[PDB]
């Protein structure tokens, strides 16, 4: 399972590299990157991914739109999706909860905070 394949979606390169190094630090070296929602969806179609980490607000297709699209796609309807945000607000959290987000994490975060979140979802998703 440390071989689970992650797709990290963020408009900003620096932010994608940060998330990538935190995963490596934790033992997950099978990570991939996407620049926006469309790029994410195109990549996911090829298959083989087992976890998606996405920022909430990307230019064009935003995290919430990406999520509702993954959830509706039969082939990828069960993919775990961690939402990343700068501002946690009851309004955004519930909306994401209702659309199917597996969880949310406020940035900036450390590998210890990310791991805590990963686990809770892994055990939630019984995987």
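Positions refer to the first chain, counted from 1.
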Could you check the entry and say whether 43 to 51 or 98 to 106 has the higher mean CA B-factor? 43 to 51
Between 118 to 126 and 3 to 11 (mean CA B-factor, as deposited), the higher: 118 to 126
From the list 81, 86, 34, 66, select the residue with the highest C-alpha B factor recorded in the entry. 86
Per the entry's values, where does residue 61 land by CA temperature factor relative to the rest of its chain, in the lowest, middle or highest third? middle
Compared with the other modelled residues in the chain, in which third is the CA B-factor of residue 70? lowest
Ordered by C-alpha B-factor within the chain, which third holds residue 38? Give me lowest, middle or highest, please. lowest
